[PDB]
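Read the structure below first, then the notes.
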Amino acid sequence: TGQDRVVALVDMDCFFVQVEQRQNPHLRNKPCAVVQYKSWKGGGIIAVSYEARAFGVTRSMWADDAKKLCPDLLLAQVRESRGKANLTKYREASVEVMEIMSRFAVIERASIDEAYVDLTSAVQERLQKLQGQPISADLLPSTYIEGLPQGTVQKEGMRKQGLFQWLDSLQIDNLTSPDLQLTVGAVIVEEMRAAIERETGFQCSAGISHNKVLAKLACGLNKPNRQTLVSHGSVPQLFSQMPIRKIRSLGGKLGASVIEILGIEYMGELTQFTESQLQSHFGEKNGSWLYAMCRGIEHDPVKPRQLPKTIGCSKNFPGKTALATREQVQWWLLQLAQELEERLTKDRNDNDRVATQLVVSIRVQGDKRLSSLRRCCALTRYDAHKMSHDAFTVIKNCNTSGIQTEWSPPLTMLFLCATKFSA
DNA sequence: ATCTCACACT
DNA sequence: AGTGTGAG
Ligand SMILES: Cc1cn([C@H]2C[C@H](O)[C@@H](COP(=O)(O)NP(=O)(O)OP(=O)(O)O)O2)c(=O)[nH]c1=O
Ligand SMILES: [Mn+2]
Ligand SMILES: [Mn+2]
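Residue numbers (UniProt numbering): 3 to 153, 160 to 431.
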C-alpha cells in the first residue's frame, strides 16, 4: 500500500533571497525580493522573502507594483551578463547544498533549490544501530506530523502535542513498521537540515513520506524552517480537502481535465473510481497513476542524478524588442553561445563530461506556442563563434523576408541547448 | 512585453 | 528527432 520506500524532498526557503541575504547583511530579516531587467517597470520579481510575502508580494510581479504593495521592499538584482540574467551565484549555492545533501544518501536534483532523497538504506542502518531505543521528541525539534493532534493555542504548542501523540501511538518493536521508518527518516532529515544550515547559512523545509509526490506536498505544509511528515495513514485526511492541482504533475491541463471530466475537486475523490474506469478517460498510464496516487501510492523512483542532463541558454525578445535584422540575430546567437561556452567549459572541468549535440530553438512573432521551431546539429569544440555560426546555419532558412539583410517575421525568442553528453 | 530544466509521446 | 506538457 505504497509503503515500500521512505522518500524526502528538501526544498530551500526563498532560495535566491537567502543567497542575497547571505551576501548582503542589510537584506536579512527584512521584506526583500530579487529582480530582473530593472529598466522595464523596475524588473520582474523572481524570489520573495517571507516577510515580503506577508504584504502580498509575489513572483512574476513587476517590482514597481510590489513597491506599491510593500513600500519598504528591498531589492537585490540578478547579475546580468551579455544582456541577460546570469544565475551563477544561485547555481553555485545550489551545488553547495547538493554536496552537503550528498553525504547522507543518493539524491535527485529536482530544481535549482530542491532534491529528493531515498532514505530506505539509511533507515535500515539507523534501526539496527538504534536497537529498540525510543525516539525522543528532542531529535525532531522542527518536525510536524500531518493530521495530529486530534481528539493549546500556540503554533509550537500544537506541533509538540502532535509529535507526542505520534511517538506515543507507535512502537519500535516491529522494525518493518512504515511509520517507524518514516520517523527515523524525519530524524535523519533533521540532521541533514541542521548540517545544511550550519555549513551554508541557508534554512530549508522538507517533506518525509513514502514517495516523491507526498514528500513534495508535505514540504509545503509547514514552510518555512520546518519539516512535515506525511504518514500513509495521514493520506485520507490530508487528501479529503486537498485540491487536485496541488499534486505534482496535476497543476496543468491534465488536472483541469480530471476536474472537468470527473466532476471532482479534491484528490481523495479519485479513490471512488476503479482503475479500468480511470484508464477509460485518461489512458492506461494516467489512469493507473491516478488510481495509485489517490491512495497515497506512487513508485516514481528517486533518480540517482545530481547533475543536469542538458545545459541551455534562452532569451525572449517581447513586443517591440523582437529581433528583426540578420545582424541582430547573429549578435544575440553569439551572446547566447558565449554564455553556453562558459557554462559548458566549467561543466566539463568540474564533472568530466562533454556535450555532443547542439539544439537550436526559436520563436517567431505571432506564434502562440512557447517554441515555434527546434532543430539540432553536431556540437564540437565548445566554441561560441562556431556554435553561433552553426545555429545561424540551421535556422537561416526560416527567414521569410525576401531581403537578405532583414529578418521577418521578427524573432521573439532564441534558445541554444547542449545535450547528449559523453564521458 | 516575467529562464531553465525534465520527460512523454509521435 | 521534433512537439507538447509540467514544474520550479
Ligand atoms: C516558479 C519559478 C521559480 N524560480 C526560482 C525562484 C526560486 O528562488 C527558485 C526555487 O523555486 P521554489 O522553491 O518553488 N520557490 P522559492 O525557492 O523561491 O521559495 P519556497 O521554496 O517556496 O520557500 O526557483 C524562477 O526563477 N522562475 C520561476 O518561474
Ligand atoms: Mn524553494
Ligand atoms: Mn523549489
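From the three backbone atoms N, C-alpha and C, an ideal C-beta is built for every residue, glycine too.
Item	Value
Would you mind stating whether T184 and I137 have Cβ atoms separated by less than 7 Å?	no
Of the choices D308, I47, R93, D6, whose alpha-carbon is the least far from that of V21?	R93
If you drop the 5 nearest sequence neighbours on each side, which residues of the same chain put their C-beta closer than 7 Å to that of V195?	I137, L141, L142
Would you give the residue range spanned by the beta strand (DSSP E) that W415 belongs to?	414-430
Can the beta-carbon of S430 be found closer than 7 Å to that of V367?	no
Looking at the structure shown, is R377 part of a helix, part of a strand, or coil, going by DSSP?	coil
Taking a cut-off of 5 Å, which residues have a beta-carbon closer than that to any heavy atom of ligand 3, in chain order?	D13, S113, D115, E116
So, at 8 Å on beta carbons, what are the nonlocal neighbours of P33 in its own chain, with the 5 sequence-adjacent residues on each side left out?	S51, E53, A54, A56, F57, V59, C72, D74, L75, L76
Suppose only complete runs of 3+ residues qualify. What are the beta strand (DSSP E) ranges in the region 40-108, listed by chain order?	76-79, 81-83, 86-88
Once the 5 residues before and after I102 are set aside, which same chain residues still bring their CB inside 8 Å of it?	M200, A203, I204, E207, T208
Name the residue from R303, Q23, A65 whose alpha carbon lies nearest to the alpha carbon of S41.	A65
What I want to know is whether the C-beta of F106 ends up closer than 6 Å to one or more non-hydrogen atoms of ligand 2.	no
Return yes when the C-beta of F17 is under 6 Å from any heavy atom of ligand 2, and no when it is not.	yes
If you compare alpha carbons, which of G85, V9, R61 is closest to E347?	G85
Identify which residue in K168, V12, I319, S144 has its Cα closest to the Cα of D355.	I319
Taking all protein chains shown into account, do 16 or more other C-beta atoms lie within 10 angstroms of the C-beta of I411, making it buried, or fewer, making it exposed?	exposed
Any contact of the region 288-297 with the region 396-407, i.e. 3+ C-beta pairs under 8 Å?	no
Tell whether a beta-carbon distance below 7 Å holds between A214 and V197.	yes
In whole angstroms, what is the alpha-carbon distance linking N31 and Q23?	8 Å
Can you tell which of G165, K131, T160 has its C-alpha closest to the C-alpha of residue 155?	Here the chain is numbered 153 followed immediately by 160, so the structure offers no position for residue 155.
Which of the three DSSP states, helix, strand or coil, is assigned to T279?	helix
Taking the straight line between their C-alpha atoms, what separation do you get for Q173 and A124?	25 Å
Between the region 306-325 and the region 103-116, do at least 3 Cβ pairs fall closer than 8 Å?	yes
How many Å lie between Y390 and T427 at the Cα?	12 Å
Mapping the DSSP letters down to three states, classify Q235 as helix, strand or coil.	strand
Regarding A78 and ligand 1, is the C-beta to nearest heavy atom distance less than 6 Å?	no
Drop a sphere of 10 angstroms on the beta-carbon of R382, count the other beta-carbons inside from all chains shown, and report buried for 16 or more, exposed for fewer.	exposed
Quick check on the burial criterion: 16 or more other C-beta atoms within 10 angstroms. Buried or exposed for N182?	exposed
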